[PDB]
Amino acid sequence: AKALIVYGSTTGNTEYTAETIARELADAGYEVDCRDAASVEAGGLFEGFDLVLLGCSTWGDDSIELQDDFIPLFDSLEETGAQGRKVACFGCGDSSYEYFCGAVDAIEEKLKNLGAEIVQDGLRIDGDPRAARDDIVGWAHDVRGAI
């Protein structure tokens, strides 16, 4: 199985989450490519992957704002080869805000409307992902068991 993980992270929390997921998938035998959204180009990005995991923190407070490095990829998701692609989403946030992990919502809906197959409900991390490490591991298992 070949997996692509693409994350947007400002303070490193979604990046930690991405790397935790990456390690779980690699340890199970997947080929894993884990990239910062700041470094990627949208066109054809998902081609050749069995599974694509998109991670993004939520910003904005009074409105939903995607993590800033992820916005160009989000605005170009139509170019990535998402139709029929097996995908799932993750991200960090804080439930004291009105739109908790709203970026995960936004990315999931955009993917669904592009024809992607959402294989698991998104991973919505409240607070420090290091305090949710076992939820991350479990979700990574669940995703492997759903493709």
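Residue indices: 1-based, along the sequence shown.
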Given 37-45 and 24-32, the range whose Cα B-factors average higher in the PDB entry: 37-45
Selection by C-alpha B-factor (highest) of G115, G60, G91, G102: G115
Out of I64, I107, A82, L53, residue topping the C-alpha B-factor column of the entry: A82
Third of chain Cα B-factors occupied by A1: highest
